[PDB]
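Novice:
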RNA sequence: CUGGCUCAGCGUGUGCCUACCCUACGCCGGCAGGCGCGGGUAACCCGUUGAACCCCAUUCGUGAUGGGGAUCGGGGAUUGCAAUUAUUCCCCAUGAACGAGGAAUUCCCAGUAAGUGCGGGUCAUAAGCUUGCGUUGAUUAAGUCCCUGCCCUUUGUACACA
C-alpha cells in the first residue's frame, strides 16, 4: 500500500477538497463571497470554493507537521505585501479564515484542541487522509 | 440655504447631548481623543475654555477667548463663538460656525506666503 | 458556444458609462468612476452571473439585476466596511456613490472645507499637495 | 504654581528622556546591552568594557 | 545529587584552565562527572562610525566581544565539590553552581 | 541507463561539428553530453575553462539578462527545453545539430578594432579567435530572441526556435546573421 | 501608428479557417494561431482545448507558461 | 493575478535613573486590533525561526491593458499628554507621467554583478536610509598605458613663505 507522502501533493489537496465537498456539510461561514484572504493580497480568490481547498490544505499541514495553532497557519499562508512605490515586505494571512477552518475541522471528527496549544490530527482524520492518498496514487497509476 | 444637519442628526439633537453618544456620532480620531480620559490634567486648559465659554454676557457676540492651544476638537457646546487661536505670532480672531464639528481649532491659520 | 452569438452587444450604455462588450464582465463593469476591481467582483458574485462570460454574451435582464445589486448595497447584504462613502457628514447614510454623484460629493466637500476655510481647503485653493507632502523638490509637471 | 509648571512636561520616551551616562548629551547613543553611551564616549572607552577590533 | 557548574568567560584558554582544573578535581575525588558541554559562543557586535564629527569619508569601526560558556554536571553531595569549586578561582572566569 | 545520456529527450550521438575551427571550443559529444544544462559552475575561475562548459549550458547562461532575469537558471533551462521541442517539430531532425549549426553560421571571422601608431589612432580589421566566435554567436542569438519576444505574443521559447532555425540554415532573416554581416561589412570598409 | 484589433469571439469563416488550416500546422500553439487568425490568447487556448478534446490536434507537452500542440499523424 | 506546493543564515529579547521586552496558544472581528491565561534574563521559550525569489496550475492577450500606483475623498483601528500641516496601519474609492530615458556618467571580474527577501541601529509611534545575513546565480577579462590619476629616473631653473 501507500500513504500521504507517497503521492504528488498538487493532486492530493484537490482530491481531498473535492472529497470534503462530496460531503458538502463543512460549517462554512457567511462572508465567504465578500472577503479577501490576506491584507497583502489584493482581490478575492479567482475560484468560488476556496474554503474547501484551504480546509484540506490546513488538514494535510496538521497531518505532516501537527501541534500547529492559528498563528502558525497565518505564518504558513503568507506572501509579499508589495507596498506600491515602496519595496515589498513579508505579511501574514487573515486570522479569521485560519481559525474558522480549524473550528470547522474541530466540529467535524478530524482535528482536536491539542495540549501544548494548537490542533492535532485525530485517528479518523489520519484514516480519511491516508485512504484518499491511496485513491489518488491508484488514480495516477 | 436650507438649515444644515450634522451626520444624519439635527443640531438641536447634538446640542442636547450626553458625551458617549457624540463619541459614537463623530469620526474615530475624535473618538479616542475624548475616550482618552478626563480634562483636569493637561486639559485643565480646556475646562478653562469651557468656563470661559459658559461665562457669556447678555444677547451679544461673546468676548473673544484667547487660547495657547490648537488641538481642540469643536463639540456642539462651544459653537457660534469667537476665539483667539495663538499661531506663535498672531492670535487668529476666528468665529465658530457649526461646520467646525469634529475638526481641530488649530486647523484655522496660515503662517507662510505664496511667491 | 465560442462563436459570437446573435445580438452580441459590442457597446453597452448604463449609468452614462461606455462598457465595451469584448471586456470580461468583472473588468468590464469596472469602467465607471465609483466601481473598482473589488466592488465589481463582489457585486458580480452577488448577481447569479457566471464571471467566465464576455460583457456582450449576457441578456438585458441580467444587465438590470447586476445594475440593481450595484445601486442596492445593504439591500443584498454588502456590509458597512465595503462602501466607498460611509457616514456622509450631511446625510449620515452608509451607501456607495457612483460617477456623477461622487463628482458632486467630492466637489461639494473640498469646496465646503474651502468655505469654512480649514487649511485642507486653503491648500486645495492655493494649488499645493494636501497631505503634508514635501513640495520643495516635487510636483513640477502639473505646476509648469 | 511653580510645582505645576517647573519640570512639568512629561518625558517617559524620546531622546529627551535619555542622556549619555558620561558626558550627558542626547545624540548618537548606544542602548544595546544597557550601554547608554554616546558613540564618541563608547568608541573611546571600548577596550576597558572588553570590546576588541578583530573582524 | 545532580549539581551543575556553569563556567562563563571572555578569555577561552583561562576558561579551559578552570574547566580542566574542575574535571581533575571531580576525578581525583571519585565522582561521576558529565564532561564540559561547549554551549555556542555569543558575539556582542557593535558597529560605530569612526569620526566624532560628520565630514570624514564614510568609515565604520566593528567592535566585537566574544563570550564563552561550558557547563559540567556532577552526581555527588554539595559540600565535597564546594571545597573543590572554592579552589582555583581566576580573575577572568565566572562560576555559577545550582544543586538540583 | 549505463548506456548513453539523452538531453531530457534529445540524442547526443551522431552530432558532428563539420567546421574544424569551432570543434575544439564546442563541447557537446561523448563526454560533455549531459542530461541538463543546469550544473554547478567553476568555469569562470580560469581563462579557457569557459570553452568546455556544455554549449547548451552556455546558451542557458546567456539567455537570461536585463536585471529582472538575473539568477533564474531554472526558468531559463525550461525555456531552452520548450524551444528544443519546437525546433524539433518545425524542422524534424536533431535539435542539438540545429543549435550547433546556428552558432557556427552566426560566428563572425573578421571584425574591426582601433590599432597602434598611438601618435593618433587607426581602425584596422583583425581575425576573432574560435572562443570569441562562440561567445559572440551565443550572445547575438540570445539578444535576437529577447529583442524579438519583447512586446509580441510569440512567446520567448518560440522566438528562440525561429532565430535558431533561421541562423542554422544561414537565413539573413536572423538578427544574429544581420549583425554578423554588418560587422564583416565595417571590417571590409576599413581593410 | 499601428494597432492590432484581434477578435474576442469567433466569426463563422474564421472558425472554418481554424478547423481546416490548424490540423495541417506542424506547430500549433496559442501564439501561432492568434497571429495567423487574429484572436485573443484566451479564445485561442479555449479553441485548442476544444479541438484536442474533440480529437483533431496532437498535444506534445504543456506548461503554465507554454502549451504546445501539433498535427495528428496521418500514416 | 489567484490558488497550491517547498527550502535559510546572522541576530535581539523584561531595561540603573528607564516608564518601556520577544512572544506561543484561544475566542471576537473582514482588516488594523481587542480580551484571556502561559513560556523565556535564554542551544531551554517565540522556534524545527513553515521568508521572498523560485516552483506547479487557473484567469488575462499587446490595449497606457488585470502594466504603473503618484495625487485625492470618506470611513475604520493603534501609539502618545497631543497627529490639524494628513505619525503609523487597514478598507472601499480615485487610475496620473512613464513604450527603456540626450549631453554626460557611476560601480564591478566568482558564490563576485544583479535579483530576492531577513535581523541590528534609530525606536513611545518606526524604513524608500544605513549596517550585517542567507537565497538564486551569470555575461565578459588573465590585458594595456589609449583616456583619467598618481609615483619614479634623466633634464632645466634667476623659484626655497618653493
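Protein chains in written order, with PDB author numbering: chain U, 3 to 143; chain Q, 12 to 126; chain T, 2 to 145; chain e, 2 to 56; chain V, 18 to 117; chain G, 14 to 204; chain a, 41 to 115.
The beta carbon of each residue, even a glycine, is placed where N, CA and C say it ideally should be.
If you draw a straight line from the C-alpha of residue 112(T) to the C-alpha of residue 122(T), how long is it?
Specialist: 7 Å
Novice: In chain order, what residues of the same chain have a beta carbon less than 8 Å from the beta carbon of residue 17(e), not counting five sequence neighbours either side?
Specialist: 27
Novice: So which of 19(Q), 76(Q) and 12(Q) has the shortest CA-CA distance to residue 87(T)?
Specialist: 19(Q)
Novice: Interface residues of chain a around residue 79(G) at Cβ under 9 Å?
Specialist: Neighbours of residue 79(G) on chain a: none; closest Cβ ~18 Å, over 9 Å.
Novice: Three or more C-beta pairs closer than 8 Å, one from the region 144–163 of chain G and one from the region 56–67 of chain a: is that the case here?
Specialist: no
Novice: Can a CB atom of chain e be found closer than 7 Å to the CB of residue 82(V)?
Specialist: yes
Novice: What's the gap between the Cα of residue 60(T) and the Cα of residue 21(T)?
Specialist: 15 Å
Novice: Determine the direct distance from the alpha carbon of residue 51(G) to that of residue 83(G), and round the result to whole angstroms.
Specialist: 14 Å
Novice: Taking 7 Å as the threshold (beta carbon to beta carbon), is residue 42(T) in contact with chain U?
Specialist: yes
Novice: Select from the region 40–55 of chain e all residues with a C-beta closer than 8 Å to any C-beta belonging to chain V, and list them in chain order.
Specialist: 40, 41, 43, 44, 47, 50, 51, 52, 53, 54 and 55
Novice: For residue 24(U), which residues of its own chain have a beta-carbon under 7 Å away from its beta-carbon, when the five flanking residues on both sides are left out?
Specialist: none
Novice: Under the three-state reduction of DSSP, which class applies to residue 28(T): helix, strand or coil?
Specialist: helix
Novice: By DSSP, does residue 91(a) sit in helix, in strand, or in coil?
Specialist: helix
Novice: For a minimum of 4 consecutive residues, which ranges assigned as the alpha helix (DSSP H) are wholly contained in the region 30–105 of chain U?
Specialist: 52–66 and 72–78
Novice: Do residue 44(T) and residue 70(T) count as a contact pair if the criterion is CB distance below 7 Å?
Specialist: Yes, the Cβ-Cβ distance between residue 70(T) and residue 44(T) is below 7 Å.
Novice: Kindly list, in the order they appear in chain T, the residues whose Cβ is closer than 9 Å to that of residue 87(a).
Specialist: 3
Novice: Consult DSSP for residue 114(U) and reduce its assignment to one of helix, strand or coil.
Specialist: In the structure shown, residue 114(U) sits in a strand (DSSP, three-state: E or B).
Novice: Please list the residues of the region 108–124 of chain U that have a C-beta atom closer than 7 Å to any C-beta atom in chain T, keeping them in chain order.
Specialist: Taking 7 Å as the Cβ-Cβ cut-off, the region 108–124 of chain U has no residue approaching chain T.
Novice: Check whether the Cβ atoms of residue 68(U) and residue 107(U) lie closer than 7 Å to each other.
Specialist: No. Outside cutoff.
Novice: When Cβ atoms are compared, which residues of the region 47–59 of chain G fall closer than 7 Å to chain a?
Specialist: none
Novice: Please compile the residues from chain G whose C-beta is within a distance smaller than 7 Å of the C-beta of residue 75(a).
Specialist: 166 and 167
Novice: On the premise that residue 24(e) lies in contact with residue 30(e), defined as a C-beta separation below 8 Å, what is that separation, rounded to the nearest angstrom?
Specialist: About 11 Å separates the two Cβ atoms, so there is no contact after all.
Novice: To the nearest whole angstrom, what separates the beta carbons of residue 99(G) and residue 181(G), a pair I think is in contact under 8 Å?
Specialist: About 13 Å; that fails the 8 Å criterion.
Novice: Helix, strand or coil for residue 75(G), going by three-state DSSP, please let me know.
Specialist: helix
Novice: Based on Cα-Cα distance, which residue from 90(T), 26(T), 31(T) and 35(T) lies nearest to residue 49(T)?
Specialist: If we check each option's Cα against that of residue 49(T), 26(T) comes out closest.
Novice: Once you ignore the five residues that flank residue 27(V) on each side, which residues in its own chain have a CB closer than 8 Å to its CB?
Specialist: So the list reads 82, 83, 84, 85 and 109, once near-sequence residues are dropped.
Novice: Report, in whole angstroms, the separation of the C-beta atoms of residue 104(G) and residue 113(G), which I expect to be a contact under 8 Å.
Specialist: Residue 104(G) to residue 113(G), Cβ: 13 Å. No contact.
Novice: Should residue 40(V) go down as buried or exposed, given a rule of 16 or more other Cβ atoms within 10 Å for buried?
Specialist: exposed
Novice: Helix, strand or coil for residue 113(V), going by three-state DSSP, please let me know.
Specialist: strand
Novice: Cβ closer than 8 Å: which chain T residues qualify as neighbours of residue 52(a)?
Specialist: Chain T residues near residue 52(a): 4.
Novice: Smallest Cα separation from residue 30(U): which of 85(U), 100(U), 66(U) and 137(U)?
Specialist: Closest by alpha carbon: 100(U).
Novice: From the DSSP output, which residues share a beta bridge with residue 124(G)?
Specialist: 139(G)
Novice: Given this structure, state the Cα-to-Cα distance separating residue 96(T) from residue 79(T), to the nearest angstrom.
Specialist: 10 Å
Novice: Select from 139(G), 158(G), 55(G) and 30(G) the residue whose C-alpha is nearest the C-alpha of residue 77(G).
Specialist: The residue from 139(G), 158(G), 55(G) and 30(G) with its alpha-carbon nearest to that of residue 77(G) is 158(G).
Novice: Give the straight-line distance between the Cα atoms of residue 97(G) and residue 28(U), rounded to the nearest whole angstrom.
Specialist: 47 Å
Novice: Whose CA, out of 45(U), 139(U), 141(U) and 119(U), lies closest to the CA of residue 104(U)?
Specialist: 119(U)
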